[PDB]
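J.: Structure file input-v9.cif, mmCIF, C-alpha atoms and all ligand atoms, is pasted below:
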```cif
data_start
#
loop_
_atom_site.label_atom_id
_atom_site.label_comp_id
_atom_site.auth_asym_id
_atom_site.auth_seq_id
_atom_site.Cartn_x
_atom_site.Cartn_y
_atom_site.Cartn_z
CA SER P 1 -2.05 -59.52 -59.34
CA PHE P 2 0.82 -61.49 -57.94
CA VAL P 3 4.14 -62.43 -59.33
CA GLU P 4 3.39 -65.88 -57.89
CA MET P 5 0.41 -66.11 -60.25
CA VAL P 6 2.33 -65.38 -63.45
CA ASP P 7 2.57 -68.40 -65.77
CA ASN P 8 0.17 -70.44 -63.58
CA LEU P 9 -1.61 -71.74 -66.71
CA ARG P 10 -0.58 -74.51 -69.08
CA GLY P 11 -2.03 -76.74 -71.77
CA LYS P 12 -1.69 -78.16 -75.26
CA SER P 13 -2.71 -76.31 -78.43
CA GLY P 14 -6.42 -76.79 -79.05
CA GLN P 15 -7.00 -78.61 -75.76
CA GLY P 16 -7.58 -75.74 -73.36
CA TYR P 17 -5.65 -73.94 -70.63
CA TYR P 18 -5.67 -75.37 -67.12
CA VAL P 19 -4.62 -74.29 -63.64
CA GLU P 20 -3.49 -76.52 -60.79
CA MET P 21 -5.87 -76.74 -57.86
CA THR P 22 -6.20 -78.88 -54.75
CA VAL P 23 -9.48 -80.24 -53.41
CA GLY P 24 -10.21 -81.82 -50.04
CA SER P 25 -8.17 -82.68 -46.94
CA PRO P 26 -5.48 -83.75 -47.32
CA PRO P 27 -5.13 -81.78 -50.58
CA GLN P 28 -5.79 -83.74 -53.77
CA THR P 29 -3.95 -82.23 -56.76
CA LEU P 30 -5.86 -81.82 -60.03
CA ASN P 31 -5.41 -79.77 -63.22
CA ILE P 32 -8.54 -77.74 -63.95
CA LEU P 33 -9.60 -76.24 -67.28
CA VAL P 34 -10.15 -72.46 -66.95
CA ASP P 35 -13.53 -71.83 -68.61
CA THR P 36 -15.13 -68.37 -68.79
CA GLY P 37 -17.82 -70.00 -70.91
CA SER P 38 -19.60 -71.88 -68.10
CA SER P 39 -20.36 -71.66 -64.39
CA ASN P 40 -19.97 -75.10 -62.79
CA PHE P 41 -16.88 -76.33 -60.93
CA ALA P 42 -16.63 -80.03 -61.81
CA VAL P 43 -13.97 -82.70 -61.50
CA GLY P 44 -13.66 -86.28 -62.70
CA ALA P 45 -14.56 -88.39 -59.67
CA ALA P 46 -14.59 -91.88 -61.18
CA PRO P 47 -12.24 -93.86 -63.45
CA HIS P 48 -12.21 -92.87 -67.12
CA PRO P 49 -9.97 -93.91 -70.06
CA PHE P 50 -8.68 -90.35 -70.44
CA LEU P 51 -8.20 -89.68 -66.72
CA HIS P 52 -4.91 -90.57 -65.01
CA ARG P 53 -6.12 -89.28 -61.65
CA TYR P 54 -9.42 -88.13 -60.18
CA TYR P 55 -11.17 -86.71 -57.13
CA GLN P 56 -11.76 -89.31 -54.42
CA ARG P 57 -14.38 -87.93 -52.02
CA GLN P 58 -13.85 -90.82 -49.60
CA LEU P 59 -10.29 -89.63 -48.96
CA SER P 60 -11.38 -86.11 -47.95
CA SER P 61 -12.14 -85.43 -44.29
CA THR P 62 -13.76 -82.10 -45.20
CA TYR P 63 -16.08 -83.39 -47.93
CA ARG P 64 -19.82 -82.88 -47.38
CA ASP P 65 -22.45 -84.58 -49.55
CA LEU P 66 -25.25 -82.32 -50.79
CA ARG P 67 -27.31 -85.36 -51.81
CA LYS P 68 -28.25 -83.90 -55.19
CA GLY P 69 -27.58 -84.93 -58.76
CA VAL P 70 -26.31 -82.53 -61.40
CA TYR P 71 -25.81 -82.61 -65.17
CA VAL P 72 -24.31 -80.11 -67.61
CA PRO P 73 -24.74 -80.24 -71.41
CA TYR P 74 -22.16 -78.10 -73.24
CA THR P 75 -21.82 -77.61 -76.98
CA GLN P 76 -18.90 -80.07 -77.20
CA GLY P 77 -19.90 -82.72 -74.68
CA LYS P 78 -21.61 -83.34 -71.36
CA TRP P 79 -21.24 -84.93 -67.94
CA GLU P 80 -23.31 -86.19 -65.02
CA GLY P 81 -22.35 -86.10 -61.36
CA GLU P 82 -23.08 -85.68 -57.67
CA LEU P 83 -23.09 -82.39 -55.77
CA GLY P 84 -21.19 -81.67 -52.59
CA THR P 85 -18.84 -79.13 -51.04
CA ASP P 86 -15.22 -79.28 -49.93
CA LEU P 87 -12.18 -77.10 -49.38
CA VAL P 88 -10.54 -75.81 -52.55
CA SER P 89 -7.25 -73.97 -53.08
CA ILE P 90 -5.19 -72.69 -56.02
CA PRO P 91 -1.47 -73.24 -55.19
CA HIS P 92 -0.33 -70.61 -57.66
CA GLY P 93 -3.19 -68.25 -56.96
CA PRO P 94 -4.32 -66.21 -53.94
CA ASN P 95 -3.18 -67.67 -50.62
CA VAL P 96 -6.64 -68.60 -49.40
CA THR P 97 -8.86 -71.66 -49.11
CA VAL P 98 -12.60 -71.68 -49.62
CA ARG P 99 -15.47 -74.14 -49.30
CA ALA P 100 -17.01 -74.40 -52.74
CA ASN P 101 -19.66 -76.42 -54.52
CA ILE P 102 -18.11 -79.30 -56.43
CA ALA P 103 -19.77 -81.54 -58.99
CA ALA P 104 -18.16 -84.97 -58.78
CA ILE P 105 -18.30 -86.34 -62.33
CA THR P 106 -19.36 -89.98 -62.46
CA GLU P 107 -20.44 -90.19 -66.11
CA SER P 108 -19.35 -88.19 -69.15
CA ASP P 109 -19.55 -88.16 -72.94
CA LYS P 110 -17.02 -86.47 -75.24
CA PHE P 111 -16.08 -84.17 -72.37
CA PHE P 112 -12.61 -85.29 -71.28
CA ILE P 113 -9.86 -85.04 -73.89
CA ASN P 114 -7.23 -87.74 -74.39
CA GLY P 115 -3.82 -86.31 -73.51
CA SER P 116 -5.03 -82.84 -72.44
CA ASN P 117 -3.65 -83.30 -68.92
CA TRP P 118 -6.65 -81.77 -67.13
CA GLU P 119 -9.17 -83.56 -64.92
CA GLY P 120 -11.87 -81.00 -64.24
CA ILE P 121 -13.36 -77.68 -65.27
CA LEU P 122 -13.63 -74.31 -63.51
CA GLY P 123 -16.67 -72.39 -64.76
CA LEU P 124 -15.95 -68.71 -64.16
CA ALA P 125 -19.22 -67.33 -65.53
CA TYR P 126 -22.33 -66.35 -63.58
CA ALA P 127 -24.88 -68.31 -61.54
CA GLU P 128 -27.62 -67.66 -64.07
CA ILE P 129 -26.28 -70.45 -66.31
CA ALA P 130 -25.17 -72.79 -63.52
CA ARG P 131 -26.82 -76.20 -63.21
CA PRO P 132 -29.05 -77.50 -61.73
CA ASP P 133 -30.11 -73.85 -61.36
CA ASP P 134 -28.86 -70.41 -60.26
CA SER P 135 -29.03 -71.38 -56.59
CA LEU P 136 -25.75 -73.31 -56.96
CA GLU P 137 -23.17 -70.65 -56.14
CA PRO P 138 -20.29 -70.63 -58.68
CA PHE P 139 -16.70 -70.92 -57.46
CA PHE P 140 -15.61 -67.33 -58.00
CA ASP P 141 -18.67 -66.05 -56.13
CA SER P 142 -17.78 -68.29 -53.18
CA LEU P 143 -14.18 -67.08 -53.38
CA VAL P 144 -15.15 -63.41 -53.26
CA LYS P 145 -17.73 -63.88 -50.50
CA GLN P 146 -15.48 -65.99 -48.27
CA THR P 147 -12.24 -64.03 -48.71
CA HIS P 148 -11.07 -60.46 -49.29
CA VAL P 149 -10.14 -61.10 -52.94
CA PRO P 150 -11.40 -58.27 -55.20
CA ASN P 151 -14.28 -59.24 -57.51
CA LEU P 152 -12.16 -59.42 -60.66
CA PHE P 153 -9.77 -61.69 -62.55
CA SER P 154 -7.71 -61.41 -65.71
CA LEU P 155 -6.37 -63.84 -68.27
CA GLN P 156 -3.25 -63.69 -70.38
CA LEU P 157 -3.40 -66.65 -72.74
CA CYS P 158 -0.23 -67.10 -74.78
CA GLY P 159 0.22 -68.92 -78.07
CA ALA P 160 2.78 -71.66 -78.66
CA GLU P 161 4.60 -86.45 -81.84
CA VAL P 162 2.67 -84.33 -79.30
CA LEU P 163 0.79 -81.02 -79.65
CA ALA P 164 2.62 -77.77 -78.91
CA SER P 165 2.47 -76.74 -75.26
CA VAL P 166 0.93 -73.38 -74.41
CA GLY P 167 1.14 -71.17 -71.35
CA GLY P 168 -0.48 -68.17 -69.72
CA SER P 169 -1.49 -66.47 -66.51
CA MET P 170 -4.71 -66.19 -64.53
CA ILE P 171 -4.43 -63.20 -62.24
CA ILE P 172 -7.01 -63.59 -59.49
CA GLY P 173 -8.15 -60.45 -57.71
CA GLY P 174 -6.42 -57.88 -59.87
CA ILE P 175 -4.59 -56.50 -62.88
CA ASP P 176 -0.87 -57.15 -63.43
CA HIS P 177 0.42 -54.20 -65.49
CA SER P 178 3.54 -56.11 -66.58
CA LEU P 179 1.34 -58.43 -68.65
CA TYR P 180 0.25 -55.75 -71.12
CA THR P 181 1.34 -52.63 -72.99
CA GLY P 182 -0.69 -49.65 -74.18
CA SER P 183 -4.15 -48.85 -72.87
CA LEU P 184 -6.90 -51.11 -71.55
CA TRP P 185 -10.19 -50.66 -73.41
CA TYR P 186 -13.45 -51.80 -71.84
CA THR P 187 -16.64 -53.21 -73.33
CA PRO P 188 -19.70 -53.67 -71.09
CA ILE P 189 -20.90 -57.06 -69.89
CA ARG P 190 -24.38 -56.84 -71.41
CA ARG P 191 -25.93 -59.30 -68.97
CA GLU P 192 -24.52 -61.41 -66.14
CA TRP P 193 -24.97 -65.02 -67.30
CA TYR P 194 -22.28 -65.75 -69.91
CA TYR P 195 -19.71 -62.96 -70.24
CA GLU P 196 -21.89 -61.45 -72.95
CA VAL P 197 -20.63 -58.57 -75.06
CA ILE P 198 -21.64 -56.67 -78.19
CA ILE P 199 -19.76 -56.51 -81.49
CA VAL P 200 -20.73 -53.43 -83.53
CA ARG P 201 -18.49 -53.76 -86.59
CA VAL P 202 -16.27 -56.35 -88.28
CA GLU P 203 -13.51 -55.68 -90.79
CA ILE P 204 -11.28 -58.03 -92.77
CA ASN P 205 -8.05 -56.32 -93.81
CA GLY P 206 -9.64 -52.91 -93.31
CA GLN P 207 -12.72 -53.86 -95.33
CA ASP P 208 -16.06 -53.55 -93.54
CA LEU P 209 -18.32 -56.61 -93.84
CA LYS P 210 -21.18 -54.09 -93.98
CA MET P 211 -23.75 -56.23 -92.17
CA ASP P 212 -26.55 -55.11 -89.87
CA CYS P 213 -24.67 -55.34 -86.58
CA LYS P 214 -27.47 -57.45 -85.08
CA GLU P 215 -26.00 -60.26 -87.22
CA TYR P 216 -22.69 -60.14 -85.33
CA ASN P 217 -24.53 -60.91 -82.11
CA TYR P 218 -27.25 -62.99 -83.72
CA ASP P 219 -28.58 -64.54 -80.56
CA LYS P 220 -25.50 -63.52 -78.55
CA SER P 221 -21.73 -62.96 -78.43
CA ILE P 222 -19.68 -64.30 -75.53
CA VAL P 223 -16.04 -64.37 -74.36
CA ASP P 224 -15.25 -68.06 -73.84
CA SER P 225 -11.84 -69.43 -72.80
CA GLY P 226 -13.27 -72.95 -72.81
CA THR P 227 -13.59 -72.92 -76.61
CA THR P 228 -10.58 -72.80 -78.94
CA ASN P 229 -11.96 -71.17 -82.08
CA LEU P 230 -13.62 -67.92 -82.98
CA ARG P 231 -17.10 -69.29 -83.77
CA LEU P 232 -19.36 -67.14 -85.95
CA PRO P 233 -23.07 -67.13 -86.85
CA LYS P 234 -23.70 -68.68 -90.29
CA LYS P 235 -24.15 -65.44 -92.27
CA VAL P 236 -21.12 -63.82 -90.65
CA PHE P 237 -19.01 -66.95 -91.07
CA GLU P 238 -19.65 -67.19 -94.82
CA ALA P 239 -18.86 -63.50 -95.34
CA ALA P 240 -15.66 -63.83 -93.30
CA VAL P 241 -14.39 -66.95 -95.10
CA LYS P 242 -15.26 -65.48 -98.50
CA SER P 243 -13.22 -62.40 -97.63
CA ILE P 244 -10.27 -64.35 -96.22
CA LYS P 245 -10.30 -66.65 -99.27
CA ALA P 246 -10.12 -63.66 -101.61
CA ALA P 247 -7.24 -62.10 -99.65
CA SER P 248 -5.24 -65.33 -99.86
CA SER P 249 -6.37 -66.18 -103.41
CA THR P 250 -2.68 -66.25 -104.34
CA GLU P 251 -2.77 -69.83 -103.06
CA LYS P 252 -5.54 -72.42 -103.03
CA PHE P 253 -6.50 -74.77 -100.20
CA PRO P 254 -9.00 -77.64 -99.99
CA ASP P 255 -12.50 -76.98 -98.67
CA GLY P 256 -11.56 -79.22 -95.76
CA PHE P 257 -9.21 -76.49 -94.58
CA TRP P 258 -11.81 -73.73 -94.62
CA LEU P 259 -14.15 -76.07 -92.75
CA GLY P 260 -11.54 -76.37 -90.02
CA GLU P 261 -11.44 -80.12 -90.60
CA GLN P 262 -8.18 -80.88 -92.38
CA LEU P 263 -4.86 -79.10 -91.90
CA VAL P 264 -2.60 -77.23 -94.30
CA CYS P 265 1.19 -77.27 -94.19
CA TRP P 266 4.06 -75.30 -95.66
CA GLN P 267 7.76 -75.77 -95.93
CA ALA P 268 9.05 -75.30 -92.38
CA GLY P 269 9.35 -71.55 -91.82
CA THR P 270 7.73 -70.44 -95.05
CA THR P 271 4.13 -69.97 -93.91
CA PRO P 272 3.06 -66.97 -96.05
CA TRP P 273 1.43 -64.97 -93.23
CA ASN P 274 1.41 -61.90 -95.46
CA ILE P 275 -1.24 -63.39 -97.76
CA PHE P 276 -3.67 -63.78 -94.86
CA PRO P 277 -5.63 -60.68 -93.72
CA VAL P 278 -6.04 -59.26 -90.23
CA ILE P 279 -9.50 -59.37 -88.66
CA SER P 280 -10.80 -56.43 -86.63
CA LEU P 281 -13.64 -56.85 -84.17
CA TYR P 282 -15.13 -53.59 -82.97
CA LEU P 283 -16.61 -53.92 -79.49
CA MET P 284 -19.18 -51.61 -77.94
CA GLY P 285 -17.51 -49.06 -75.70
CA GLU P 286 -18.55 -47.79 -72.29
CA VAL P 287 -19.99 -44.72 -73.96
CA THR P 288 -22.89 -44.67 -76.39
CA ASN P 289 -21.75 -44.20 -79.99
CA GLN P 290 -18.19 -45.16 -78.99
CA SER P 291 -16.41 -48.43 -79.75
CA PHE P 292 -12.87 -49.78 -79.88
CA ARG P 293 -11.29 -52.53 -81.96
CA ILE P 294 -9.11 -55.53 -81.29
CA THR P 295 -7.19 -56.69 -84.35
CA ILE P 296 -6.33 -60.35 -84.84
CA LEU P 297 -3.46 -61.66 -86.98
CA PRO P 298 -3.46 -64.91 -88.98
CA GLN P 299 -0.92 -66.23 -86.48
CA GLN P 300 -3.93 -66.32 -84.18
CA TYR P 301 -6.65 -67.84 -86.35
CA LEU P 302 -4.35 -70.41 -87.97
CA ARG P 303 -3.67 -72.82 -85.09
CA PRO P 304 -0.45 -74.93 -85.03
CA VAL P 305 -0.87 -78.72 -85.11
CA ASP P 306 6.73 -78.70 -92.55
CA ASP P 307 4.64 -76.41 -90.34
CA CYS P 308 0.99 -77.49 -90.13
CA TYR P 309 -2.05 -75.42 -89.13
CA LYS P 310 -5.82 -75.67 -88.87
CA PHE P 311 -8.28 -72.87 -89.65
CA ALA P 312 -9.45 -71.81 -86.17
CA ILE P 313 -12.63 -70.05 -87.31
CA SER P 314 -15.86 -72.01 -87.61
CA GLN P 315 -19.61 -71.75 -87.98
CA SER P 316 -21.79 -71.50 -84.90
CA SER P 317 -25.53 -71.94 -84.44
CA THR P 318 -25.57 -70.45 -80.94
CA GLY P 319 -24.03 -67.03 -81.52
CA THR P 320 -20.54 -65.57 -81.70
CA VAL P 321 -17.92 -67.21 -79.51
CA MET P 322 -14.70 -65.29 -78.92
CA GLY P 323 -12.61 -68.31 -78.04
CA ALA P 324 -9.06 -68.77 -76.85
CA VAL P 325 -7.48 -67.99 -80.23
CA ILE P 326 -9.04 -64.53 -80.07
CA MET P 327 -7.99 -64.03 -76.43
CA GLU P 328 -4.39 -65.08 -77.13
CA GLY P 329 -2.16 -62.06 -77.65
CA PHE P 330 -4.43 -59.87 -75.51
CA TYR P 331 -4.61 -59.32 -71.77
CA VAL P 332 -8.29 -59.76 -70.93
CA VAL P 333 -9.71 -58.32 -67.73
CA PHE P 334 -12.95 -59.78 -66.42
CA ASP P 335 -13.94 -56.83 -64.26
CA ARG P 336 -17.04 -58.30 -62.59
CA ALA P 337 -17.14 -55.48 -60.03
CA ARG P 338 -17.75 -52.84 -62.73
CA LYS P 339 -19.56 -55.18 -65.15
CA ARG P 340 -17.05 -54.78 -67.96
CA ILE P 341 -14.40 -56.68 -69.88
CA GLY P 342 -11.12 -55.03 -70.74
CA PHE P 343 -8.70 -55.68 -73.58
CA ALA P 344 -5.08 -54.60 -73.97
CA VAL P 345 -2.20 -55.81 -76.12
CA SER P 346 -0.49 -58.69 -74.32
CA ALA P 347 3.17 -58.90 -73.29
CA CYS P 348 3.14 -62.12 -75.31
CA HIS P 349 1.26 -60.04 -77.88
CA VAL P 350 0.39 -61.21 -81.36
CA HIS P 351 3.39 -61.17 -83.73
CA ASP P 352 4.74 -60.18 -87.17
CA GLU P 353 7.38 -57.87 -88.67
CA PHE P 354 5.01 -55.63 -90.65
CA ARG P 355 1.90 -56.31 -88.57
CA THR P 356 0.82 -56.74 -84.96
CA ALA P 357 -2.24 -57.42 -82.85
CA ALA P 358 -3.69 -54.20 -81.54
CA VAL P 359 -6.35 -52.69 -79.30
CA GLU P 360 -7.28 -49.23 -80.52
CA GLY P 361 -9.97 -46.70 -79.67
CA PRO P 362 -12.13 -44.76 -79.80
CA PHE P 363 -14.14 -45.17 -83.01
CA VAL P 364 -17.52 -43.45 -83.21
CA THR P 365 -20.36 -45.87 -83.99
CA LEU P 366 -24.00 -44.79 -83.75
CA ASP P 367 -26.83 -46.96 -82.42
CA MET P 368 -24.72 -49.63 -80.70
CA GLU P 369 -27.61 -50.55 -78.41
CA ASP P 370 -29.61 -51.87 -81.37
CA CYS P 371 -26.78 -54.33 -82.07
CA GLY P 372 -27.94 -56.68 -79.35
CA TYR P 373 -30.50 -59.47 -79.41
CA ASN P 374 -33.46 -58.23 -77.39
CA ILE P 375 -35.03 -61.15 -75.55
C1 LIG T 1 -11.09 -76.92 -74.46
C2 LIG T 1 -10.71 -76.58 -75.91
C3 LIG T 1 -10.99 -77.75 -76.87
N1 LIG T 1 -12.42 -77.88 -77.25
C4 LIG T 1 -13.16 -79.13 -76.94
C5 LIG T 1 -12.71 -80.30 -77.84
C6 LIG T 1 -13.13 -80.12 -79.30
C7 LIG T 1 -13.07 -76.81 -77.97
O1 LIG T 1 -12.41 -75.98 -78.57
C8 LIG T 1 -14.58 -76.66 -78.02
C9 LIG T 1 -15.25 -76.65 -79.27
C10 LIG T 1 -16.66 -76.51 -79.33
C11 LIG T 1 -17.37 -76.50 -80.67
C12 LIG T 1 -17.40 -76.37 -78.13
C13 LIG T 1 -16.74 -76.37 -76.87
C14 LIG T 1 -17.49 -76.24 -75.58
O2 LIG T 1 -18.64 -76.65 -75.47
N2 LIG T 1 -16.80 -75.69 -74.50
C15 LIG T 1 -17.32 -75.52 -73.12
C16 LIG T 1 -16.18 -76.02 -72.21
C17 LIG T 1 -15.81 -77.46 -72.57
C18 LIG T 1 -16.82 -78.46 -72.75
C19 LIG T 1 -16.47 -79.79 -73.10
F1 LIG T 1 -17.42 -80.70 -73.27
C20 LIG T 1 -15.11 -80.14 -73.28
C21 LIG T 1 -14.11 -79.16 -73.10
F2 LIG T 1 -12.85 -79.47 -73.26
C22 LIG T 1 -14.46 -77.82 -72.75
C23 LIG T 1 -17.78 -74.08 -72.83
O3 LIG T 1 -18.23 -74.00 -71.51
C24 LIG T 1 -18.98 -73.72 -73.70
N3 LIG T 1 -19.46 -72.39 -73.39
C25 LIG T 1 -20.70 -72.09 -74.10
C26 LIG T 1 -21.81 -72.98 -73.51
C27 LIG T 1 -22.72 -73.70 -74.34
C28 LIG T 1 -23.72 -74.53 -73.78
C29 LIG T 1 -23.83 -74.67 -72.36
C30 LIG T 1 -22.94 -73.96 -71.50
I1 LIG T 1 -23.10 -74.17 -69.42
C31 LIG T 1 -21.94 -73.13 -72.08
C32 LIG T 1 -15.32 -76.52 -76.82
#
```
Translate the structure described by the file into structure tokens.
T.:
Amino acid sequence: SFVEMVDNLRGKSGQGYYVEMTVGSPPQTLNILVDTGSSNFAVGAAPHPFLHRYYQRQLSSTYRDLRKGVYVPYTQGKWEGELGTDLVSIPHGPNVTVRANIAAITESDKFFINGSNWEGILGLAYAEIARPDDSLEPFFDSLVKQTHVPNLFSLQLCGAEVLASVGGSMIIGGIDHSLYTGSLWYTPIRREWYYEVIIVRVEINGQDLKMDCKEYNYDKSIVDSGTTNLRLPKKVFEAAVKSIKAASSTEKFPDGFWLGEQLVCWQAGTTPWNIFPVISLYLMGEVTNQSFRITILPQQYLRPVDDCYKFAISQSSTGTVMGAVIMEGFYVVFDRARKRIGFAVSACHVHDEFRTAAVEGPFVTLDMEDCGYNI
């Protein structure tokens, strides 16, 4: 948790947060998307219309070919590449250098984003979901094994012609207490593959959705910085939108808005935040029958793009995805060492004059274990 690591993240609204890294010898500078939703470290390694620079293996004296192909299919897009290892560093991170697996991207489809300013991706999740298989050690694992950096990292993602620039901090190896206020509440990492968690209750403006909690984790729920929106299973999504619509019934918006397709704008500075309800996600606590809640404001789920916004909540077919808009305003600790994820109100916490993002506990909830999808 270094002062030199504060504000080491940057990006554009809806295009992901990236950190600067160097690869090879001499160091080749590249901006890398911070993704807790995957486990492969990959970098563009061949010309592409959206890439202004890329990894050139031939220029690295420390590059070693692993003579193996690799391919990763995400929800959004996919890429193909060649495996190898090389020295990697994070200029505004711990002062260490490690030899890590690197997938040199040679072919991709709908992966890179025009104007995003990043050229690669850093999968921070576990080996179990790494490709080709779990034998390909993820970056963070290599970092911990090769150095004395504690097995933990934390993310403080902050909110906001071109898209609004965003900023944040990735604290590697510790917790920086100046980045949050109040107490840190922890939910268990259910299984070490994605950063899987369990949601036991969901409220919209204090009103319980009243669903069998298995629905909230229908298939699974994960914490994913590589995805912008809060993605919800069909049944949960419909209930949530229906509730939000009713709360903001004072005004009417096109279906395109609710479908997160088209945007909605208001007279500069008049966005009626008060008509939109807060959303509370109750996460399983470290103790049976005990949970805590993180409360999200509309300033979070209505993403900036007259002031224009897009509805940052959408339907998922692969489980709940607590994306960047949910993480923004909270300090999230990925405590791998104790298999838990912590939440606390961020220093760049979620706004409002009458309301505010919060992390509150405990709340007694019986049978939280039956909320998960049992393989
Ligand atoms: C970066 C923010 C902007 N974008 C992208 C532009 C629309 C989003 O908000 C967005 C939206 C959707 C609907 C899906 C994804 C997505 O797939 N993200 C992965 C990282 C990533 C993929 C990529 F193709 C582009 C990109 F910018 C970011 C993430 O890992 C997925 N984790 C779950 C998982 C599933 C299967 C397999 C594995 I392994 C993991 C990102």
J.: Would you kindly identify which residues have an atom no farther than 6 Å from (9.0, -77.7, -90.3), using only C-alpha atoms and the file's own coordinates, and write them out as an MDAnalysis selection string?
T.: chainID P and resid 268 306:307
J.: For those residues, write C-alpha atoms to a file as a PDB file, in the coordinates of the input.
T.:
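Resulting contents of result.pdb:
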```
ATOM      1  CA  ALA P 268       9.050 -75.300 -92.380  1.00  0.00           C
ATOM      2  CA  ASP P 306       6.730 -78.700 -92.550  1.00  0.00           C
ATOM      3  CA  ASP P 307       4.640 -76.410 -90.340  1.00  0.00           C
TER       4      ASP P 307
END
```
J.: As an exercise, work out the distance from atom CA of residue 258 of chain P to atom CA of residue 37 of chain P in Å and give it to one decimal place.
T.: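 Result for atom CA of residue 258 of chain P versus atom CA of residue 37 of chain P: 24.7 Å, one decimal.
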J.: Nearest to ligand LIG 1 (chain T) among P:55, P:273, P:216, P:111, with distances taken over only C-alpha atoms and all ligand atoms: which residue is it?
T.: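 When distances to ligand LIG 1 (chain T) are compared using only C-alpha atoms and all ligand atoms, the smallest one comes from P:111.
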J.: Taking only C-alpha atoms and all ligand atoms into account, report as a list in words which residues have an atom no farther than 7 Å from an atom of ligand LIG 1 (chain T).
T.: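 Counting only C-alpha atoms and all ligand atoms, the residues within 7 Å of ligand LIG 1 (chain T) come out as residues 14, 15, 16, 35, 36, 37, 38, 39, 72, 73, 74, 75, 76, 77, 78, 110, 111, 112, 113, 129, 130, 224, 226, 227, 228 and 229 of chain P.
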J.: Near segment 367-369 of chain P, within 12 Å and counting all atoms listed in the file, which residues show up once chain neighbours fewer than 2 positions away are dropped, as a ChimeraX atom specification?
T.: /P:187-188,190,197-201,212-214,216-217,282-292,363-365,371-374
J.: My list of candidates is P:347, P:264, P:281, P:247. Which is closest to residue 177 of chain P when distances are computed with all atoms listed in the file?
T.: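 The closest residue to residue 177 of chain P is P:347.
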J.: Atom CA of residue 45 of chain P and atom CA of residue 135 of chain P are how many Å apart?
T.: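 For atom CA of residue 45 of chain P relative to atom CA of residue 135 of chain P, the distance reads 22.5 Å.
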J.: Name the closest residue to residue 327 of chain P among the candidates P:315, P:8, P:22, P:156; distances are taken between atoms, counting all atoms listed in the file.
T.: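 Once distances to residue 327 of chain P are computed over all atoms listed in the file, the minimum belongs to P:156.
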J.: With all atoms listed in the file as the atoms that count, which of P:236, P:358, P:121, P:305 lies nearest to residue 160 of chain P?
T.: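 Looking only at the distances to residue 160 of chain P, the closest residue turns out to be P:305.
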J.: Which distance in Å separates atom CA of residue 41 of chain P and atom CA of residue 20 of chain P, to one decimal?
T.: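 Atom CA of residue 20 of chain P lies 13.4 Å from atom CA of residue 41 of chain P.
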J.: Would you please work out which residue, of P:370, P:82, P:352, P:109, is nearest to residue 272 of chain P when using only C-alpha atoms?
T.: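 The answer is P:352, which sits nearest to residue 272 of chain P.
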J.: In terms of the shortest atom-to-atom distance over only C-alpha atoms, which of P:231, P:131, P:10, P:52 is closest to residue 169 of chain P?
T.: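 Closest to residue 169 of chain P of all the choices is P:10.
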J.: If you count only C-alpha atoms, which residues fall within 12 Å of residue 209 of chain P, apart from same-chain ones fewer than 2 positions away, as a list in words?
T.: residues 200, 201, 202, 203, 204, 205, 206, 207, 211, 212, 213, 215, 216, 235, 236, 237, 238, 239, 240, 241, 242, 243, 244, 279, 280, 281 and 282 of chain P
J.: Distance cut-off 9 Å, centre (1.3, -74.2, -54.2) in file coordinates, counting only C-alpha atoms: which residues qualify? Return them as a PDB file with C-alpha atoms, keeping the file's coordinate frame.
T.:
```pdb
ATOM      1  CA  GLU P  20      -3.490 -76.520 -60.790  1.00  0.00           C
ATOM      2  CA  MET P  21      -5.870 -76.740 -57.860  1.00  0.00           C
ATOM      3  CA  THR P  22      -6.200 -78.880 -54.750  1.00  0.00           C
ATOM      4  CA  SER P  89      -7.250 -73.970 -53.080  1.00  0.00           C
ATOM      5  CA  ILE P  90      -5.190 -72.690 -56.020  1.00  0.00           C
ATOM      6  CA  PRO P  91      -1.470 -73.240 -55.190  1.00  0.00           C
ATOM      7  CA  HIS P  92      -0.330 -70.610 -57.660  1.00  0.00           C
ATOM      8  CA  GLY P  93      -3.190 -68.250 -56.960  1.00  0.00           C
ATOM      9  CA  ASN P  95      -3.180 -67.670 -50.620  1.00  0.00           C
TER      10      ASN P  95
END
```
J.: Write out as a PyMOL selection string which residues come within 12 Å of residue 101 of chain P when counting all atoms listed in the file, dropping same-chain ones fewer than 3 positions away.
T.: chain P and resi 23-24+39-43+63-66+68+70+82-88+98+104+122-123+127+130-132+135-143
J.: Within 12 Å of residue 182 of chain P, counting only C-alpha atoms, which residues show up once you throw out same-chain ones fewer than 4 positions away? Write them as a PyMOL selection string, please.
T.: chain P and resi 177-178+330-331+343-347+349+357-361
